[PDB]
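Okay, so here's the structure we're looking at.
Heavy-atom basis, side chains included; hydrogens, waters and symmetry copies ignored. Each chain gets a letter, A, B and so on, in the order its sequence line appears, and its residues count up from 1.
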Amino acid sequence: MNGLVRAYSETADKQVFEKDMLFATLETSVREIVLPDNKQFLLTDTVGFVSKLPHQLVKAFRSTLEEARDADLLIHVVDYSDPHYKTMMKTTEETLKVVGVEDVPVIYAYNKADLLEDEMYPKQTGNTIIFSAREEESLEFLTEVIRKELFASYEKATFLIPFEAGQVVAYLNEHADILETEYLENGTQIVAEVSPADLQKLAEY
Amino acid sequence: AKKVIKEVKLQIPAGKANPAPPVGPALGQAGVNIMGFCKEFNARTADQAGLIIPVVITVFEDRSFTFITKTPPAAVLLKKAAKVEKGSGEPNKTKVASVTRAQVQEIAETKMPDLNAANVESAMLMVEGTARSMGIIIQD
Amino acid sequence: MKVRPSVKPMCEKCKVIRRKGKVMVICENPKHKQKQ
Amino acid sequence: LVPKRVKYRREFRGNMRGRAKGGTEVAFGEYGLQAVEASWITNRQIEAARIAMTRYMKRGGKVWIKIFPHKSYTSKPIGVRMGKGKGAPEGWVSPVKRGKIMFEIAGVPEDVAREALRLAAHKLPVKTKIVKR
RNA sequence: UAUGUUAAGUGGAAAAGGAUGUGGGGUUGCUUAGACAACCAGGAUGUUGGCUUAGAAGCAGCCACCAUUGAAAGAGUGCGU
Ligand SMILES: [K+]
Ligand SMILES: [Mg+2]
Ligand SMILES: [Zn+2]
């Protein structure tokens with residue numbers, strides 16, 4: 001989270017509490033992530049899990065994971081460096097089922113790659129992703145994986161916007177990825193990756 | 001009185017630019033043809049090349065337009081004797097280039113009719129002012 | 001309207017007035033309307 | 001804030017009559033928060049007020065806590081009749097008599113000092129006055 | 001009876017805290033060579049200061065924040081684009 005807020009937040013002054021203790025975070029955070037192309041998602045960081053979690057605490061957890069169950073994407077982070085990670089991962093999934101996280105696109109990110117010497121930093125194998133949260137290259141890569149799963153419906157389209165309605169050029173500079181910006185005598189012609197929601201609004205162009 | 005008496009003040013380089021940055025929504029909203037002003041303004045390209053020229057568009061009582069030329073900017077004339085294109089990021093704190101008062105003497109005469117001050121010396125200091133803001137070192 | 005014991009300017013456009021012997025702040029920003 | 005050890009685990013509540021015998025004039029910092037009326041200041045209130053002062057200064061300037069909680073206080077649980085000896089120690093208090101400068105601060109400008117101290121004062125159960133040397 | 005105070009039925013329950021209530025004191029800045037309030041001009045010029053950015057032209061953000069005509073006007077106090 002902190003990594004993606006440094007890189008890809010309009011207000012990069014605000015990082016979450018990180019430390020080498022058990023249950024560092026106990027309250028969900030939500031942070032706006034704006035990609036360098038201008039695609040926008042929210043990144044949410046939850047409570048951690050731990051084996052044999054009291055069946056009473058589990059009832060309380062359900063309220064925190066309310067955003068995760070309602071999430072568009074689910075990014076499961078595992079500590080790859082630790083020996084018992086297949087043990088940790090299965091214990092996590094079993095908990096998520098009890099919480100009520102069902103039928104949500106999952107991505108099994110394996111973290112703390114730097115602690116190993118054999119494995120390379122950024123790698124992908126379907127849902128599997130090897131990376132180091134400390135490193136920027138890792139995040140730039142995780143960012144790309146998110147942009148593949150969320151913004152698929154984003155397709156390319158051509159627009160011709162007269163000079164009198166500049167405001168529409170600003171909208172395309174702010175709410176869509178511009179590939180090329182062409183200029184004619186009649187008006188401005190701009191071809192971009194936009195959403196279906198934008199292909200209703202700018203339809204006249 | 002018909003159309004617009006109002007005048008549109010902008011600046012453009014030597015090479016004719018149809019695009020939006022200076023002219024586009026500064027001409028379009030006035031209601032000109034633009035390309036007509038790509039077969040007119042070139043009269044002020046052959047003489048002054050590379051550097052920028054503040055143009056004053058004057059739409060009269062009739063629909064038609066008559067371009068009125070002005071003298072190039074201070075900071076733009078202050079980057080021909082500095083052998084650089086881009087200005088500095090943090091001025092005074094860290095300078096980039098160095099200019100001489102001999103070249104300021106020309107610019108202090110080149111901008112004389114535009115600057116109110118009637119003296120021929122005050123238009124040296126006010127240029128050493130535009131230097132401080134830019135971010136360069138001066139020698140007399 | 002915020003009705004609360006502690007009525008204070010929240011911005012610098014906030015003004016503290018009295019009407020009917022109640023203290024209140026009024027402001028362009030309607031979130032800042034307070035009455036004691 | 002807790003005494004490392006104590007001669008006696010239990011102790012009289014005592015009384016808070018009179019002006020504090022000492023520590024009525026700011027002696028270390030520039031500005032001080034002077035108690036106007038008497039009260040017990042618990043260690044939990046001193047910590048609250050300390051963090052509130054300190055956070056607002058942003059690791060800038062000094063903060064002297066001039067009062068220390070020397071005196072334990074006990075309690076009886078709910079559902080326990082009177083008698084069967086004195087209750088177990090609960091916490092630690094400093095009986096602050098009136099005129100006692102409780103906190104002092106130096107190495108920040110007046111405005112920040114005055115602001116730091118009002119934030120501190122709002123955590124304390126006692127009527128305070130900001131005073132300077 | 002005398003001189004003051006209070007507008008709350010305070011008097012005739014209730015705290016932290018909050019506040020353009022009202023009376024009295026006491027310091028103190030400007031002021032009939034004209035203040036403060038309003039009303040009448042002006043509020044310019046280099047210049048869209050530079051960088052940054054599709055655009056940033058006082059006014060997204062960062063760094064500077066000089067001079068000029070004189071009555072003086074910030075490289076701009078808010079909105080606005
Ligand atoms: K208090
Ligand atoms: Mg955490
Ligand atoms: Zn307000």
Side-chain angles (χ1 to χ4, degrees), chain A residues 10-13 36 38 161 163 165-174 176-183 188 190 192, chain B residues 8-12 19-22 24-26 29 52-55 70-79 82 84-97 107-108 110-119 121-136 138, chain C residues 2-9 11-26 28-29 34-36, chain D residues 37 39 118 121-128:
Chain A
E10 294 174 356
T11 62
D13 313 2
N38 288 293
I161 303 82
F163 289 108
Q167 57 186 359
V168 178
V169 174
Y171 183 55
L172 281 171
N173 284 111
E174 288 179 1
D177 183 16
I178 307 178
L179 278 188
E180 65 283 67
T181 311
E182 189 178 356
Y183 291 113
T188 310
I190 286 178
Chain B
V8 188
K9 189 192 298 299
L10 56 77
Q11 58 185 3
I12 52 181
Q29 180 268 300
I52 310 304
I53 191 172
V55 194
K70 205 167 178 295
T71 308
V76 178
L77 280 178
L78 197 86
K79 59 181 191 61
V84 285
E85 294 289 355
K86 295 195 301 301
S88 55
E90 43 182 0
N92 279 184
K93 301 302 294 184
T94 294
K95 288 73 62 174
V96 288
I107 301 161
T110 305
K111 292 296 304 195
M112 167 61 86
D114 297 2
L115 200 299
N116 294 3
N119 195 3
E121 188 176 0
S122 303
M124 262 80 100
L125 280 306
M126 187 261 313
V127 178
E128 292 179 0
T130 47
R132 182 194 285 237
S133 60
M134 251 286 214
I136 42 173
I138 61 176
Chain C
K2 302 184 182 306
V3 180
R4 81 215 317 197
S6 183
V7 162
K8 310 179 286 184
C11 74
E12 55 281 358
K13 293 178 164 293
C14 282
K15 297 180 61 173
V16 180
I17 71 180
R18 301 188 72 241
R19 286 182 182 154
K20 311 303 196 303
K22 319 257 73 175
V23 179
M24 23 195 313
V25 330
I26 62 183
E28 177 235 8
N29 180 358
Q34 304 161 70
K35 173 177 270 68
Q36 213 176 29
Chain D
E37 66 197 8
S39 174
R118 78 162 263 284
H122 272 285
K123 311 291 190 179
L124 297 190
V126 64
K127 267 208 196 295
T128 44

> Could you go step by step and tell me if B:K70 and B:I53 meet the side chain to side chain contact (heavy atoms under 4.5 Å, CB included) rule?
Replying inline: CA-CA 7 Å; B:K70 205 167 178 295; B:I53 191 172; 5.7 Å; no
Check the interface with nucleotides 21-23 of chain E: list each N/O to N/O pair with the protein under 3.5 Å, or write none.
none

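- When each of E:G46, E:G18, E:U48 is scored by its nearest atom to the side-chain atoms of B:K70, the top-ranked nucleotide is E:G46.
- Comparing E:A13 with E:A19, their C1' atoms sit 23 Å apart, to the nearest whole Å.
- In this structure a side-chain-to-backbone donor-acceptor pair under 3.5 Å is present from B:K111 to B:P72.
- One distance of note links NZ of B:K79 with CD1 of B:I136; it measures 11.0 Å at 0.5 Å rounding.
- A negative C1'-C2'-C3'-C4' dihedral is found for the sugar of E:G34, placing it in the south range.
- With A:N38 contributing its side chain and A:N173 its backbone, the two residues share a donor-acceptor pair below 3.5 Å.
- Judged by the sign of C1'-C2'-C3'-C4', E:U48 carries a south-puckered sugar.
- The shortest non-hydrogen separation linking B:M124 to B:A108 is SD-CB, 3.4 Å.
- For B:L10, the side-chain atoms get nearest to E:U48 when compared with the rest of E:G18, E:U48, E:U47.
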So which protein nitrogen or oxygen atoms get under 3.5 Å of nucleotides 54-56 of chain E's nitrogens or oxygens?
unit_1: E:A54; atom_1: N9; unit_2: A:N173; atom_2: ND2; d: 3.2
unit_1: E:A54; atom_1: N7; unit_2: A:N173; atom_2: ND2; d: 3.4
unit_1: E:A54; atom_1: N3; unit_2: A:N173; atom_2: OD1; d: 3.4

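- South puckering is assigned to the sugar ring of E:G70, since its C1'-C2'-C3'-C4' angle is below zero.
- Separation of the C1' atoms belonging to E:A7 and E:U1 is 25 Å when rounded to the nearest angstrom.
- Using a 4.0 Å heavy-atom criterion, one finds that B:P73 contacts the sugar-phosphate atoms exclusively.
- Residues satisfying the salt bridge (charged side-chain N to carboxylate O under 4.0 Å, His left out) criterion with D:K123, sequence neighbours excluded, are absent altogether.
- Atom OG1 of A:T188 is separated from atom CD1 of A:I161 by 7.0 Å, given to the nearest 0.5 angstrom.
- With its glycosidic angle within 90° of 0, E:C59 adopts the syn conformation.
- Rounded to the nearest Å, the gap between the P atom of E:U77 and that of E:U52 is 24 Å.
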Please produce a list of atom pairs where a protein N or O lies less than 3.5 Å from an N or O of nucleotides 58-68 of chain E.
unit_1: E:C65; atom_1: OP1; unit_2: B:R132; atom_2: NH1; d: 3.4

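- Judged by distance alone, the side chain of B:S88 and the main-chain N or O of B:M134 form a donor-acceptor pair under 3.5 Å.
- The glycosidic torsion of E:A73 lies within 90° of 0, which places this base in the syn conformation.
- For the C1' atoms, the distance linking E:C66 with E:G50 amounts to 13 Å, nearest Å.
- Across E:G9 and E:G17, the matching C1' atoms stand 26 Å from one another, rounded to whole Å.
- The same atom, P, is picked in E:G25 and in E:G4; the two are 12 Å apart, to the nearest Å.
- Base orientation of E:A33: anti, the glycosidic angle falling outside 90° of 0.
- The side chain of D:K127 places an N or O atom within less than 4.0 Å of a non-bridging phosphate oxygen (OP1 or OP2) of E:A16.
- In this entry E:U27 carries a north-puckered sugar, per its positive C1'-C2'-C3'-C4' angle.
- Applying the side-chain contact (heavy atoms from CB on, under 4.5 Å) criterion to B:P21, with sequence neighbours excluded, gives A:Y183, B:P19.
- A donor-acceptor pair is defined here as one N or O able to donate and one able to accept, closer than 3.5 Å; such a pair exists between the side chain of C:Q34 and the backbone of C:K8.
- E:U47 and E:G42: their P atoms are spaced 24 Å apart (whole Å).
- Using a 4.0 Å cut-off, no side-chain N or O of B:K86 falls inside it from OP1 or OP2 of E:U52.
- The main-chain N or O of B:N119 is never found under 3.5 Å from a side-chain atom of B:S122 such that the two would form a donor-acceptor pair.
- The glycosidic torsion of E:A41 lies within 90° of 0, placing the base in the syn range.
- Comparing the P positions of E:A2 and E:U27 gives an interatomic distance of 34 Å, to the nearest angstrom.
- Sugar pucker at E:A75: south, on the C2'-endo side, as the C1'-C2'-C3'-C4' dihedral is below zero.
- In this structure, D:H122 and B:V127 both approach RNA chain E, and ranking their closest nucleotides by distance from the 5' end singles out D:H122.
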> So what is the 5' to 3' dot-bracket string for RNA chain E, if pairs are Watson-Crick or G-U wobble with both distances under 3.5 Å, crossing pairs use [ ] and | means the partner sits on another strand?
Replying inline: .............................................(..(((.........)))..)...............
